[PDB]
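Consider the single chain below, provided in C-alpha cells and representing the form deposited in one PDB entry.
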C-alpha cells in the first residue's frame, strides 16, 4: 500500500505537517473534537488539508500566465464529468504516500475516507468525461487553458435499481459542501434573455431584456507534478439585485437555469431551459474572455490571444455572441468581426446520429435571443453567398448547407452554424472524422477541406492508471521508471516483457488483486456475491440502442441456453456485468435495463447453472465506479454497430487497465486494434461498408430469426414470457423493435458475436497466453493518452506549443 513508489515519498516533516493541518482543520474549519468526529468529518479535514497544497501553485500559475501573456485556451462545455478530487489532487502533487502515512498515524484508513467524497458528476458520459481528461492533460502540458461550464446544483441523476427497474433520484452532490471550489461572487456577471432589438444611430441595441446573474465558482486543475494549477470556472445562476413574498420566491425561476444537468446522452431535446443553460455559459464566459483580452497589454490580435473550443454544438451560441459583442458593443465592422470570430472558434463533433444533433426552432430563438437570430440569419446569407460563388448554380447544395432548416417547424442547424463560424472542425476518431468528410459534412468539406481535422480521443493516464490501478502502475514503473505517466508512448517498452516470467506473473497478480477488491466492494455495498474465479465480462457505458447492450443480452441468454442443453459440458465461468444510466425519457433504454435484471432473475437462480454464469447490473455507473470496475475487468465489451460510436473512451480505459477487448470496427476501436495488432483484439461483425450494404437492400431481421435456431429460441423466450412469467408480455416492445424497427441491426451481428465470444473463452482457458495478449494491449495503449490528443489540439488547432516543463 504505502510501499508503492509511484505514490511518492512520505517525508517525515511532510507527514508531521499534514497531521498538524489535519488537526487544525478538524478544530477550526469543522469545529469538531475527536470525541464527536465522524469518518465524514475526517474526510473533510483531509480534503481541506490537501486543498491547501494547491493554493500557492494556483496563485503562481495564474500570475505566470499574466506575466508571460501566452495565448489562452477556453474550453467551453455544458459538461465536466470530473468524478472525485481527493486522490487526483494527491497524485498530481505527489502527496499520496505522505497523506496515507499521516492518516495512518492518526489511526485512519485514507481509502475509507476517499469513499466519502461525492462525484462531481456534471456530465452524462463520454463527452463530459473527455472535457475532464482534457482539463487534466492541458494542465499537465502547461497550457494557459480555462475550462468553462455550468455549476449544476444537481449533476447526472443517481440511479437506483428497484424491482429490476431504474429509478432516478436527484444527485445532491453539494449536500455536504465542496471543499475544492472557490466561490467568486465578486466576479458575478449579467446574462440577458428575451427583450427586443432596436436598430438606431450607432446600430443595433438589445433592450428590454430579463437579466440573470452568473456567479463563477473556480476549481483548481492540477497538472502532473509540474507545479501547474489551472482553473475550471463553472457559472451558477443568480437572480438579479432589484406581491412581495411571491416576488422573492420567483427568484427561483432565473436560478433554475443552473439547477440540473439534462440527462441526455447522444440525444437532442429542444427544451427552452436547456437553451437558456447553453446561452448562460456562452454569455458569461465571453465576457471573461473579452475583459481578460483587454487587460493583456485592436481586436486584430484577438485570435492570437484567444482560442475558443466548442465541445459539441452545445456552446455554439459563442459564435453569434462573439459577433454580437464585437459588432454591437465594440463597434467593429461585420467583416472584421467575422474574420476574428472564425479564427477564434473551433468545433468538435461527437456523433453522426441525426437525433443527437441540435436543431433549434427559429421561433424559440427569436423570442429568447432576438439579436442572435438576426446575426445567425446574416451569417447564413453571407456563408451561402460564398457557397454560391464557389459552386455557381448548385442550388441543392445551398439548401443542404444552409444554417436554416426548412419544414413545418423552421430550425437552425447548430452544427452548420459551428462549421461556418469555426476555422477548424474535428471528429473524435479517424473513422469518425473520415465519415464526417464523406457523408454528414461532405458539402462543407468540399467548400473548405482545410477546415476538417481529426483528433482521436484520449484518456488521462493519471486518473485512469496511476489513480485507479496503482498496482499496475507500480509493476510498470518497476521495469520502465515513472516517465511514462506523462509520456504514455513509453508503454511500448513493455513489449520487451511478453516472455518475461516475472512480468507475466505480476500482470496476472495485479488483475486478480483488482478482481478481489471489486468483489469486496459489491459484497460490502450491496451484499452481492460474485465468483472470483470467473471471467469478468464487463459492458459499462450509457444505455443506448446504438451501443447494443441488447446484443450482449442475446449472448448471455445463448450461454444460459447452451448450458441448459449440455449441462455436463465445461464452460469458462463468467460474471457478466452490465452498468450504465438510461435517460429518464428513453423508454427502450429503461426496458433494456429491466431485461438485464430479468435475465439475472432466471440465470442467477438456476441451480443447473450455479456459479458457472451470473449476470449482474452494476447500479449507478459513474466516474468513481468506472475507477473500481475497469481495473477488475477481463473482457471489455465495445459492441456498437459499426459507424455509430464516434470514438468511445471507455474502450481506452479498459485497454490501459489490462482487459482484452471484444468489439466491432467502430470509432477508436479501429485505431486500438491498429496499435496493438488485430491479432490481439477480438474483432467481429459488420464493418461500416457491410452496414451500408444492408441499408441499400433493406435490413430484414426476420431472415436472421428464420435462419438461426438459437436466436429464434431466445426471441421466443422473450415473447412467451420466459424472462417475465408474472407479466408474459413485458418485453413485447423490445421484441417488436428487434424484429421490425431495429436501426442498429442487432441480429446481423449475433452469429459473429457468439463465435467471437467462443474464442474469448478459448483464450481464457490458457492463462499464460491470456496474460501475454494483455501485455501486448497495455504496451500499445500509449496513443490513447489525452496528453497526445491535447498536444494535437494545441499544435494543429490552437496554435500553441505544449510544454511539460515544471514551474519553480
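We call the rigid core whatever largest set of C-alpha positions still superposes within 1.5 Å between the two forms. Residue numbers count along the first chain shown, from 1. Shifts are known only where both forms have a C-alpha.
Separately, the form deposited in another entry exists; it is not shown, and the next lines address it.
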**Report entry** Core-aligned C-alpha movement of residue 10 between this form and the one not shown reaching 2 Å
**Finding:** yes
Report task. Kindly indicate if, in that other deposited form, the C-alpha atoms of residue 25 and residue 7 are closer or farther apart than in the structure shown, bearing in mind the change is 3 Å or more. Result -> closer
Requested in this report: Have a look at residue 6 and residue 675: in that other deposited form, are their Cα atoms closer together or farther apart than in this form, given the change is 3 Å or more?
Outcome: farther
Query raised in the report: After a core superposition, which runs of 3 or more consecutive residues shift by at least 2 Å in C-alpha position between this form and the one not shown?
Result: 1-13
